[PDB]
Structure formats: C-alpha cells, structure tokens
Amino acid sequence: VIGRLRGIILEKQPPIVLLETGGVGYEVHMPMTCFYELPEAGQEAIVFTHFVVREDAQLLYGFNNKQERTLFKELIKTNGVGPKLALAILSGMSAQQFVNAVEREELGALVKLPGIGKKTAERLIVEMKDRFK
Amino acid sequence: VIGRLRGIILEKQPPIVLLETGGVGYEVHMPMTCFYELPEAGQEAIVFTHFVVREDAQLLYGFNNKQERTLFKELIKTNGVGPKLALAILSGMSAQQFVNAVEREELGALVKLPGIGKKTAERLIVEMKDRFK
Amino acid sequence: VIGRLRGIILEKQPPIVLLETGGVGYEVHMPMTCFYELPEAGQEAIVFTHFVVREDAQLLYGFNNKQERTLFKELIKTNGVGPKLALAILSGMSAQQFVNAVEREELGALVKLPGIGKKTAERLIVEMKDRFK
Amino acid sequence: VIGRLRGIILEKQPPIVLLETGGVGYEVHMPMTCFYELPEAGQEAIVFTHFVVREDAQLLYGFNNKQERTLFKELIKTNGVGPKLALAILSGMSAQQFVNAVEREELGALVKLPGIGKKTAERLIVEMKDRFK
Amino acid sequence: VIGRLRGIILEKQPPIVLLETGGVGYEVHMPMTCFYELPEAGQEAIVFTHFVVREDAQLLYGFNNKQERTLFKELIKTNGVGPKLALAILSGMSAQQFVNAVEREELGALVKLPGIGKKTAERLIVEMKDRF
Amino acid sequence: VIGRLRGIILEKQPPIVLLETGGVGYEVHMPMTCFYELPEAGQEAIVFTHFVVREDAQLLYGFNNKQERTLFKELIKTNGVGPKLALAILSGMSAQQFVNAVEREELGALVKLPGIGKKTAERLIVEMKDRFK
Amino acid sequence: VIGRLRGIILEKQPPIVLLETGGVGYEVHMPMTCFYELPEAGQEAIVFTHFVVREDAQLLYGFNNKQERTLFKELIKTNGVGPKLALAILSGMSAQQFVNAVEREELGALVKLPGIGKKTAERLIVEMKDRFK
Amino acid sequence: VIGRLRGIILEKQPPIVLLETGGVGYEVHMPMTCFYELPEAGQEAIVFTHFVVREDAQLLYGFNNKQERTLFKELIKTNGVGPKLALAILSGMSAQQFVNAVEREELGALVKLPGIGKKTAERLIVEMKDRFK
DNA sequence: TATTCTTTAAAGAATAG
DNA sequence: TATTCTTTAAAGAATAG
DNA sequence: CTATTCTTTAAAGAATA
DNA sequence: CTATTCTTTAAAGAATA
C-alpha cells in the first residue's frame, strides 16, 4: 500500500498529474481545487495518497494534506458515494466547511454542489453526523 | 498505475521488449510497426504505457506516442475487441488513417487487415464514428 | 511478494509506521508491543514483512524478528483467526510464552487477552498443539 | 510483469531465495537443483522470472536460464500440472532430457520422479508430444 | 417464481409452516403475528409468497394479504434491511401504522421494536418517506 | 426448464399474469399487446415460456405464439438488449413488421418506439440483419 | 425449499432411493442404516428432507425421523464436516448415542467410525459440546 | 434433482422433446439416434434424466436406458468433453461399441465421428481406459 | 473440416440535447 | 440490550505412520 | 422534454461496550 | 496397511489454417 509519493512533476493535465520516481511514472488523480497548489512542472512535489483496488482496475488518489485524505476515506465508506463523487465534494467545499454544514444540516449548502441531489444530501447528513462526534 | 517507463533496453524480441529500471525488468507489449523506432539495445528509451489487470493476469502495453495510447484505450472499450486485436489494427494503419476510414466508412480499408472480418468492421464503424465527433 | 523492507522512518502512529524507499512510502502494520523497539524517526530501520492480498484490499504486515513472522503465518491459517486477532495475540504474549501455554493448555493464560473468548482459546489449543510437535 | 531481477543475495533457504533491490527484498522460488549455481550470499546475481497471480496470492518464480523458464511456462498450461509439480520435474530432469523422454515415450523415466503417478506420466506424454514438433 | 400456494397445513411451528401440495411439502416463513390467522392443522389455507434466491440458499416467505407482501418487498430494497429484520417490523406494527409513523417521523414508534437501532430508524424514515 | 404452462387464470395485472397449476401459482411476464388475447379470469389458458436464471433472481416470460418466443430469444442475445427492452419492442411492433424494418433499414420505424435511441436502432440493424438470412 | 416428500418407491439402490410424485422422480440420498426401514418397492413412503444448493449442483437428503434431520443440519455447520461425512456418522451411531459420546468425550467411540480421524474427533467434541446445552 | 420423467409427448423437434406432466411442459435434450424410439405424439413415454446446473443456465438431458445415462455421466467428467460433444458420441456409437473401441484403442473408430479430433480421441482413450477396469 | 485462438451484465438517478 | 466490528468450500489422488 | 450517459455492488456471528 | 495431507479448479463463437 503506497502511502506517500515524492518525485518530479512530469505533466499536469487536470484531473491527472504524472509524478516520476526512479524512471517509473505514476498516474495520480487529484481534487480540481487542490491542483492549483502544485508547483511548476519539473519541480519536486509531495502528495499523500490512498490506493484503491478493484477486480478490473487499480487507481491511486492524491491529496495535499492529511486532513483531506482522512475526510476522503470516511466519505467513500458511505453507501452510494464513490471516488468520483467524493472528489467533487472536496472540490466544492473545504474540509472544515463540510463539517460545519453537516452539523448544522445546511441542506442547501450541499445541494448546490454539482452532481448532488436532494436525496443524496439527506443521506450524507444522516450518516456523517454520527462519525465526527 | 504505471503511466510511463524510462530505462535501458535489455532485449528486443517482437512483440515483447524488456526495459530495466533499478534492477527490475519490465515486460512490455508493443505494436509491430512501432518496434522499428526503438533504439539499439543498451540505449535508453521512453515508452507510454497502459496497465491492464484481470483476475488471472496482469499485462503492460507500451506505445511511442500519446496519440497511439489514446486510440488504443478507446478501441478496447468497444465490445468484442480486446488488446490482441487492438494491437493488430495499430500495426496495420496509422492513427490518422484509421480516423479517416471510419468517418468515410471505407469498409474495404479495414477488412483487408489480418484478423478482421466483415461483421467486425461494420461493428467498428457503427461504434467509433460517434466518439470522434 | 515483498519479503523485507529497509528504509527511513517518516512517521510513527501506532499501529501504522511509514517507511520511505526511493520516494515511495509504504504503510506497515505492526504489533503494539514491538513498536517500542523502532528507532527514532528519521533513522533507518529493517522490518520483515508478509504480504496479504484480498479481492478488495492489499495489506503489508511487519515484524522485528523472523520468529514473530513465522508464528503469525501459522496463526492466520487457523480458521476464525484473522490478521487483526493475530496481532492482538502477539501484542499480549511473546512467541516463546505462547508455545508454552498451548502445550500446557493454560486456558486462563489465553482467555485473559483482549478479544479472546473461551471458545476461541479452546479452538486455538486444539489446532496449534499438533503443529509445534 | 517482472521479467528479470538483478540484485544482492541476502539469504538462501531452499526453496526460497531473497534478493534485495533498492531496499525491497523479493521472495523467489527456485528449482532445488538450480539452487547450487547461485553465488555466495552478498554477491550479485541475475534470475529470470515468471509472475503468477491468483485471487488469494501472488508468487514469483525464478530460473537461471531462459530455456528453463520456457519449459516451465509450457508445463503449467497442461491441465492437472501446477507450479509445485512443475518445479519437481525441473528438479529431477534437465530440460533436454525431458524432451527426449517425451518423444521416446519412456514412461519409466518420468514415473521414477517424486510425486508423479502412472496416469500423470501418460497424460504428460499425450499432451506435450504435440507441442515441441 | 412461485406467487401463491394453496394446500393442506401439515405442521405449525413458528416461524415455519409446512404446506403440502401433491406430496411436496413446502417450508414457508411467516410473520409471528399473522400466524394466529392460520386455520387448524389439516385444513386448507392460502398464502401469498415471495421467492428469495441466493448463491448458497433458497427461501420462501409467505403473507396473508397482498398489502403485507407489497410492503415487505419495498423494505428489503432498503440497504441494511434483511429479510429477518423485515419480518420483525411486520410483527411489531400493522402496515397502515408503519406508513403513518414514517410520514410523521415518529422515531419513538420504531425504536421500540426489537432489533431496531436509533441509526436504523433514522435511515428507514429518510429512505421510505420518498416512496409512499 | 419450463417450456409451456397450462392452467387457470387467477389474476391479470399488466404486465404480470398469475396461472395456477395444482395449487402452485406462477408469476408470468408478458408483452403489453399480447395481454389483450388472454381469456377472462377463471378460464384455462396456454402460454409458451422461456426461463431466465441469474445469480440473484429467477424469472419466467410468456408469449402467445412460438413465433414471438423465437424472436425474443434472438433479441436477448444481442449485446445491450435486456429482457425489459425486448418486451418493449414486441409491444410496439409485430414480429413480421420488425423483420421487414430491419431488412429495409427503416431506422425511423424503430426509433419511434419507447426507450429506443438512434444508436440502439443502428446497433440492432447491424446485428439482426445477418441472422434472418 | 422442499421439506417433506410423499410418494411411491420406484427403485432402491443404496445410497440412493427414487420416489415418484405425479410423474416426477426425485433422487434422494439416505443414511445406509436407515435404508433398512424403507418399505418394499411399489409401496408409499414418507421422508423428511433437507435441500442443499451449490454453484454447480443441487442435492436432496432424506431421513426417516425429524430427530435425524435436526442433528444432520447441526453437523454440517461445523467447519470441515461435509454432507458425505455427516451421513457416515449417522450410519455408525444413533442420534442418542452420539450425544452421549460427545458429552462424555468418549474419543474412542468416534475414532472407530470409518473416515473419522483423531484430529477430526477432537474438533467435533470441542464444537458440538457447546450446542446441546 | 429430477431423476425420471413420465408424461405425455406434446411435440417432437430434434434434438428437443416436450413432455407434459400436470400442466408443466419440460424441455428435454436427447441423442439423435435414441429419438427414433420415442412413441408417436400424444402417447405416454418414460425417460431417464440428468439435471445440469450452471450460473447462467439450467438444462435437462434424457436417455431411453440407464446404460446410456451412466456412460454420459462418466464422459462429462473428462476434461474438455462438454454435454454437446457427449451427445454426439452417443449418437455415433452404441455404449457397448464405445467400450470395445477404447479397450482396443481403435483410434480410427472414434476420429470418424463428427466433431472429434485426433487429439481429442487420444485424450479420451487415455482417460476412459482406466475407469471401466 | 479441424484447429486454436479469443472475449465476458442491468439496473437506477443524476445531468445533457 | 445495541453496537460495530470481523471472517469466508468440497473433492481427488498422490504420499506418509 | 426524452434520451444518454454515467456510476455503484451482500448479511449473520460473537465477541465487547 | 489405512489415514492425512496435499493440491488444483468452465465451454461456445468465429474467425484462420
């Protein structure tokens, strides 16, 4: 299980970034809004990752801060939320803003994000409100 | 997911090439006609790759140009076309020639390729014509 | 199959340790009581490992001594004893103490460990007593 | 797919050898009789490999010569012959001796090897005689 | 797919009833509270059923009224609600009472039933309120 | 495999009909337009059936004439056409009209049916035109 | 799920009996020692059954008394005890004798039965002793 | 498991026969040559059957004599011999003739049958010669 | 005509055309 | 008593005890 | 406004809380 | 001499030969 990658940025093409380590280039998926913090190509960068394995595919997701990775891992455990939707949420709201919205049940703050329906937002609040404690 | 490999060419035995990186040798499958561009053994080379995972096997395909990899990925999504047949198409025609043939429905230009039947060419045109747009 | 890792300690957060080798950081799970022997962060360390693969996840376990790894591999073959429970046993008792307890059938020595029920301890003795010989 | 490994011999414990490359130690299974050719521990060695993937396990097999690897790959395709039995055959007979025995149908030359039954030897000759041509 | 069974009652051992049709005896699972309506053994009875198939098992559930079967089928589509739990709900509340409780969000009316947790009751209301 | 059912009609609730045979009531799915031919409830009826089995469900489909069943079986072999869609086609057009439309490539005659898109109709013509011969 | 069968005995060929009901003949497996109680062929008989389903096969087991069926169902839940082995136990010992032996730990009373090993008998006692209560 | 069917013949369309029992019509597959012995439609008939189950399909095969069913069951256990091929063999040769040919290794007697290749015939003799004893 | 070789869903419910 | 958390075959046919 | 795309995938046991 | 361990795990389609 790859926990962190450090290497040279070869190419930047949202949502994918390519990092080279010892001649091996790794395809990393990243949130659209965190992409702005990556250095210019040819510079070294560091990214925290989570490794996903499926019967037909293997994928690697990256984040600029451990806080982001923690919230991502928690989201994907909620039924009906997969990696694509999870990245969308992190693109729309910062991790701290999301926690506040769930505790306050600001349904409208979630429904405005792309791809999230009314039923989905209700389900998220019901499930997530119990884990932050 | 390995996106690119850079290393020393150890052996060339069409259709397989062996690249060494840090003492690990990777088996790579490549189109017969792109094989002519690889440098002489012992020289460094760069190859773009796509990683395929199946219940009983893992395989790594390589291409000399991003254009080739893009068309390959699109072909394998078509039902009834797998990596073996896809490499044949890329061996027979250049990527640009293939696009022209599909848009023009030059059925004969495709059927002449080895391993492609009349029904197969009909299916390819019907599916691919809608994706290039 | 990864048999041993040698690298720099990046972070220590029981039960997980992060080792960096050539820019790749590996997540390793270790027994709570062996964690005390790891050097201070930034120093080099060596850990013997066992690689577990499942349909939905891949995991890497580490141990400070080959003796521990051998007993771990034997435990996980016993029905009902999974990697999580196996690490608990190794946390509570040294490998040598465990062997003695099984041969003597000291049921109380096992039942006192966290997460182990009376039925579980009975099952362990019945299965393990035949393998040490 | 790992095709070749080059590294330092860390430990030799038949049938397993441990090779270190860049701080990662790889477990490699090898034929009992080819093991005698490996250098002394601490020296560099080269081994040709084949990578086996299964739903519950991943394994890496190694051979000193490309000839051995080729015959191994052919054997494991025969129904009822698995990697364990395949290594036994390569331990008892050299690749050249095996070919001669099959073409001559020297049933006794095969049955004398450990773990091979009369039915198994008959099946091997029937299947293998057609592939060498 | 068996939709209805008509036959002679052979044995009654809650939660299972045994019905014989042409020499074949079918094991049927039923709600604990609907069991009281079944006639005396040896009499003919009619039961509406739903057929469940899994990789390792096949099961046949029965109900006295089409209303019950309809609500059962809807319950089992909710994530985390298995047939075992679904039968418990139908044992505790009538179909009409359940509908009212969901629309009114009377959380306490659900949590009192055996096996139903607070989180489960919240989940049920959120999912079911949209289907009726 | 149940090939035909003969019994008493118990209930008629499109698209499902319930037939009783010896105290067992079978749920049968039928085309919306063939439902008009079924006798009044309480009368005996005959229906030709096809039995579908899946990992999670078993289903039984019925038709008034062998011609209908034959075309249904051929449709479901085409990739992307499920039993639900197949019943829709048989509801919109008679079996004879469908054959004529495919041979003539009357794309508009198909696209007007509910649930069938332009791409779907193109795929159907390409695949079906070869089987009627 | 078939719970009971009543019909005419067509054939008796231990361990299989064939019962006809309405023109359908069902294959039933029965314990070797209960087979002696079945009436002469052509007479009616009653047998309690348990239905077993697997990915590749379906099987139907029968017993003369509910007591036997209950113990059979309990046995097959024990890990390592297959239906074949469970029928052997019921052939060697009556249900009542088995209960007495387990509670008394009369290991020799079990090991003497065909196909039962020492390890198996130990496992059986450990698991079954807790369920009769 | 349906072992025998008795009922009225509804339709005869090689290789399928349709038998009605209590209003349920069963599709039965039979050898081309045994089909000649079936009575005229509307008469009662008896057929011995074997029930095959797969993840995607259920099928029922029938034979006029227990001898045929016994040989069929044995053939399908041989690797590479499917039910389709097994019915072909029984169409070409009587059960008694087949046994004689295997014991004598009359390769030509088998290769002449449709669908059977030289490699297949060799494999059959090797496997079947050991079971009749 | 035999040969060996490949290639592997449907629904729902959200947003586009 | 509810909670969340884990853990996942059978056969054959060769060889030991 | 209707079609097209996409994407996502069990429950019971027996401990402990 | 009889028990214990182990180890291994589809077929049809439609091309081409």
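Protein chains in written order, with this note's numbering: chain A, 1 to 133; chain B, 1001 to 1133; chain C, 2001 to 2133; chain D, 3001 to 3133; chain E, 4001 to 4132; chain F, 5001 to 5133; chain G, 6001 to 6133; chain H, 7001 to 7133.
Beta carbons are placed, not taken as given, at the ideal position from N, Cα and C, and that holds for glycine.
*Could you check how far apart the C-beta atoms of H/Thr7078 and H/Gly7003 are, in whole angstroms? I think they sit under 8 Å.*
Within the eighth sequence, residue 7078 of chain H is the residue found at index 78, counting from 1. Within the eighth sequence, residue 7003 of chain H is the residue found at index 3, counting from 1. H/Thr7078 to H/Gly7003, Cβ: 23 Å. No contact.
*asked:* To test your reading of the DSSP string, which unbroken beta strand (DSSP E) runs of 3 or more residues are found completely within the segment 5030-5085 of chain F?
replied: 5044-5053, 5058-5063
*Pull up the distance between the alpha-carbon of H/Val7099 and that of G/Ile6089, whole angstroms please.*
Here residue 7099 of chain H refers to the residue found at position 99 when the eighth sequence is read from its first residue. Here residue 6089 of chain G refers to the residue found at position 89 when the seventh sequence is read from its first residue. So the two alpha carbons sit approximately 37 Å from each other.
*Whose Cβ in chain G lies nearer than 8 Å to the Cβ of H/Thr7021?*
For the purposes of this step, residue 7021 of chain H is taken as the residue at position 21 of the eighth sequence. In chain order: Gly6022, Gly6023, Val6024.
*Using three-state DSSP, classify D/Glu3127 as helix, strand or coil.*
Within the fourth sequence, the letter at position 127 stands for residue 3127 of chain D. Of the three classes helix, strand and coil, the one that applies to D/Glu3127 here is helix, per DSSP.
*From G/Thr6021 to H/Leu7113, what distance separates their C-alpha atoms?*
One-based indexing of the seventh sequence puts residue 6021 of chain G at position 21. One-based indexing of the eighth sequence puts residue 7113 of chain H at position 113. So the alpha carbons of these two residues sit roughly 39 Å apart.
*If you follow the beta strand (DSSP E) that A/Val17 is part of, which residue opens it and which one closes it?*
As a working note, residue 17 of chain A is residue 17 in the first sequence. Per DSSP, A/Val17 belongs to the beta strand (DSSP E) from 16-21.
*Can you tell which of E/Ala4121, E/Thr4120, E/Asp4130, E/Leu4110 has its C-alpha closest to the C-alpha of A/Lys118?*
What you label residue 118 of chain A is simply residue 118 of the first sequence in a count that begins at 1. Looking at the Cα atoms, E/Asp4130 is the closest of the given residues.
*Would you kindly report the start and end of the unbroken alpha helix (DSSP H) that includes E/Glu4105?*
The sequence position of residue 4105 of chain E within the fifth sequence is 105, counting from 1. Element bounds for E/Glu4105: n/a, residue is neither H nor E.
*Note down, in chain order, each residue of its chain lying with its Cβ closer than 6 Å to the Cβ of D/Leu3107, except the 5 sequence neighbours on either side.*
What you label residue 3107 of chain D is simply residue 107 of the fourth sequence in a count that begins at 1. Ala3121, listed in sequence order.
*Counterpart residues of C/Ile2009 in DSSP-defined beta bridges*: As a first step, residue 2009 of chain C is located in the third sequence; it is residue number 9 there, counting from the start. Answer is C/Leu2019, bridged to C/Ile2009.
*Grouping DSSP H, G and I as helix and E and B as strand, with all else coil, what is F/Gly5117?*
Reading the sixth sequence from its first residue, position 117 is the one you call residue 5117 of chain F. Reduced to three states, the DSSP call for F/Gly5117 is coil.
*Might you give, ordered along the chain, the residues of its own chain that have their beta carbon closer than 7 Å to the beta carbon of E/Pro4015, omitting 5 neighbours on each side?*
As a first step, residue 4015 of chain E is located in the fifth sequence; it is residue number 15 there, counting from the start. Hits under 7 Å: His4029, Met4030, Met4032.
*For B/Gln1058 and D/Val3001, believed in contact at Cβ under 8 Å, the rounded distance*: Along the fourth sequence, read from residue 1 onward, the residue named residue 3001 of chain D stands at position 1. Along the second sequence, read from residue 1 onward, the residue named residue 1058 of chain B stands at position 58. D/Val3001 to B/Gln1058, Cβ: 6 Å. Contact.
*chain G contacts made by the segment 4027-4053 of chain E, where a contact means CB separation under 7 Å*: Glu4027
_8 Å CB neighbourhood of A/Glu11 in its chain, flanking five on each side removed_ = Within the first sequence, the letter at position 11 stands for residue 11 of chain A. Result list for A/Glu11: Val17, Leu18, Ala41, in chain order.
_Proximity winner among C/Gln2097, C/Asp2056, C/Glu2044, C/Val2053, relative to C/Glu2068 (alpha-carbon distances)_ = In the third sequence, residue 2068 of chain C corresponds to position 68, counting from 1. Closest option to C/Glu2068, Cα to Cα, is C/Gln2097.
_Determine whether the beta carbon atoms of C/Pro2083 and C/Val2052 lie at a separation below 8 Å._
Here the question's residue 2083 of chain C lines up with position 83 in the third sequence. Here the question's residue 2052 of chain C lines up with position 52 in the third sequence. Yes, the pair counts as a contact, with Cβ atoms nearer than the cut-off.
_chain B within 8 Å of D/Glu3055, Cβ atoms only_ = Mapped onto the fourth sequence, residue 3055 of chain D falls at position 55. Taking Cβ atoms only, chain B reaches closer than 8 Å to D/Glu3055, which makes this a yes.
*Determine the closest residue to E/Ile4008 out of E/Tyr4036, E/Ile4046, E/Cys4034, E/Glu4037, with distance taken between C-alpha atoms.*
If you number the fifth sequence from 1, residue 4008 of chain E lands on position 8. It is E/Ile4046.
*asked:* Can you give me the C-alpha to C-alpha distance between F/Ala5095 and F/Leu5075, rounded to a whole angstrom?
replied: Position 95 of the sixth sequence, counted from the first residue, corresponds to residue 5095 of chain F. Position 75 of the sixth sequence, counted from the first residue, corresponds to residue 5075 of chain F. Using only the alpha carbons, I get a separation of about 11 Å.
*Give a yes or no on whether 8 Å exceeds the smallest Cβ distance from A/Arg69 to chain C.*
Taking the first residue of the first sequence as 1, we reach residue 69 of chain A at position 69. No, no contact with chain C.
*Going by C-alpha distance, which of C/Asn2064, C/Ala2101, C/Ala2109, C/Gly2080 is nearest C/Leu2005?*
The count along the third sequence starts at 1 and reaches residue 2005 of chain C at position 5. Measuring from the Cα of C/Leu2005, the nearest candidate turns out to be C/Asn2064.
*Measuring only between beta-carbons, confirm whether A/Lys119 sits less than 8 Å from chain E.*
Residue numbering aside, residue 119 of chain A sits at position 119 when the first sequence is read from its first letter. So, interface residue.
_Counting only Cβ pairs nearer than 9 Å, list the residues of chain E close to G/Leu6107._
Stepping through the seventh sequence from its first residue, residue 6107 of chain G is reached at position 107. None at all; the shortest Cβ gap to chain E is about 32 Å.
*Is the distance from the Cβ of G/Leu6071 to the Cβ of G/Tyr6026 below 8 Å?*
Position 71 of the seventh sequence, counted from the start, is the residue given in the question as residue 6071 of chain G. Position 26 of the seventh sequence, counted from the start, is the residue given in the question as residue 6026 of chain G. Contact flag unset, no.
*Could you list the residues in the segment 3079-3113 of chain D with a C-beta less than 7 Å from some C-beta on chain H, going in chain order?*
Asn3079
*Is the beta carbon of A/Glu37 less than 8 Å from the beta carbon of C/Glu2055?*
Against the first sequence, residue 37 of chain A aligns to sequence position 37. Against the third sequence, residue 2055 of chain C aligns to sequence position 55. No, the pair does not count as a contact, with Cβ atoms beyond the cut-off.
*For F/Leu5005, return the contacting residues in chain E, with the cut-off set at a CB-CB distance below 9 Å.*
Within the sixth sequence, numbered from 1, the residue matching residue 5005 of chain F stands at position 5. Here the premise fails: no neighbours, minimum Cβ distance about 12 Å.
*Please name the residue in B/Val1081, B/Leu1087, B/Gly1115 whose C-alpha comes closest to that of B/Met1128.*
Counted from its first residue, the second sequence places residue 1128 of chain B at position 128. The candidate whose alpha carbon is nearest that of B/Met1128 is B/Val1081.
*Collapsed DSSP secondary structure at A/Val24 in the structure displayed*: To locate residue 24 of chain A, count along the first sequence from 1; it is residue 24. Strand, per DSSP.
_Please confirm whether A/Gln13 has its beta-carbon closer than 8 Å to some beta-carbon of chain B._
Residue mapping note: residue 13 of chain A aligns to position 13 of the first sequence, counting from 1. With 8 Å as the cut-off, A/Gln13 does not count as an interface residue toward chain B.
*At least one CB of chain B closer than 8 Å to the CB of F/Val5001: is that the case?*
By one-based count along the sixth sequence, residue 5001 of chain F stands at place 1. No, because no Cβ of chain B sits closer than 8 Å to the Cβ of F/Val5001.
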